[PDB]
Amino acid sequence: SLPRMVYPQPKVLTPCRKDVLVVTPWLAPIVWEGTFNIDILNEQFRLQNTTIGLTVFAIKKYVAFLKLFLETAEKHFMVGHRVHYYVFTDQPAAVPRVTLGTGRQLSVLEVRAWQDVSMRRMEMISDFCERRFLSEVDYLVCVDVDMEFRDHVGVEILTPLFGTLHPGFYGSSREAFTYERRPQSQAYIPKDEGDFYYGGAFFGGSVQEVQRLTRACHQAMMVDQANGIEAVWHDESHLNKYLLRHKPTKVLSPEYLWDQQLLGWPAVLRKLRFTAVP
């Protein structure tokens, strides 16, 4: 039960956005700026005392990205909510000392030091950390570390399972998507199938759904490995196969996964929220 709130009346006969698709054919929202009232969403999630886990791998030289990643997450990611960052690294002492807002904590998880890094992210999330995540957070968001937050990323993304439109392909036809196309791979998608091309750098959902997705991707990747085949874009190829067959309940627009150096700032993007570091 939400408290009284005063905000602009939604207007049934006035679309919020007319330039973009805001709902998928299986009735999941596609989250763009203008489509949500964050005050309502914040109330709904706070009333449940929601905790959001953020997983990020920073192995070898990639530890250098953590300072900007974490400082910008503090400014823009789930502010006002409980957050638990899980940083997986082979160099725990290289993790920067970043000051965190109240209600936010960071755990460093030490791992060994691409195909094999790829398999290990799915393996780590689905197998090794399974019990810890179920006990500690409500939702999990799994992201690349070579990124920074430049604008709000909040509870508008939360749902049982979400994927994010890859910023290279949101305007493409399915035939141009770089899905795995060899039928010998568990990630195979035929040319006449496919809704969207989802980016491997930002996906998430409830803990139970994220564990299901990463367990499935890991099992598929191990089958391919035993069959001597490696999918074209590795874990991203398996993520796409999974989300084709298990539709996500929210799709995030490329506001949530962008690269301004390669793609600029198109009129359709009203906010660049989470962006590649050039």
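So that there is no doubt, residue numbering starts at 1 and follows the sequence shown.
K.L.:
Can you say how many deposited residues have no coordinates in the span between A113 and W114, choosing none, 1 to 3, 4 to 9, or 10 or more?
P.N.:
Per the deposited record, the segment joining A113 and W114 lacks coordinates for 1 to 3 residues.
K.L.:
Higher mean Cα B-factor in the deposited model: 224-232 or 31-39?
P.N.:
If you average the C-alpha B-factors of 224-232 and of 31-39, the larger mean comes out for 224-232.
K.L.:
Between 268-276 and 3-11, name whichever shows the higher mean Cα B factor according to the PDB entry.
P.N.:
Looking at the recorded C-alpha B-factors, 3-11 comes out higher on average.
K.L.:
Which one, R104, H166, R150, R132, has the peak C-alpha temperature factor per the PDB entry?
P.N.:
That would be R132.
K.L.:
Which is it among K75, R82, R181, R121: the one with the largest CA B-factor in the entry?
P.N.:
In the PDB entry, the greatest C-alpha B-factor among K75, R82, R181, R121 is found at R121.
K.L.:
Lowest, middle or highest third: where is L68 by Cα B-factor in its chain?
P.N.:
Middle third.
K.L.:
For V20, does the deposited CA B-factor place it in the lowest, middle or highest third of the chain?
P.N.:
Ranked within chain, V20 CA B lands in the middle tercile.
K.L.:
Going by the CA temperature factor in the PDB record, which third of the chain does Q48 belong to: lowest, middle or highest?
P.N.:
CA B-factor rank for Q48: highest third.
K.L.:
Give the position of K60 by CA B-factor within its chain, expressed as the lowest, middle or highest third.
P.N.:
Within its chain, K60 is a highest-third residue by C-alpha B-factor, going by the deposited values.
K.L.:
Can you work out whether the C-alpha temperature factor of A93 puts it in the lowest, middle or highest third of the chain?
P.N.:
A93: CA B-factor falls in the highest third of its chain.
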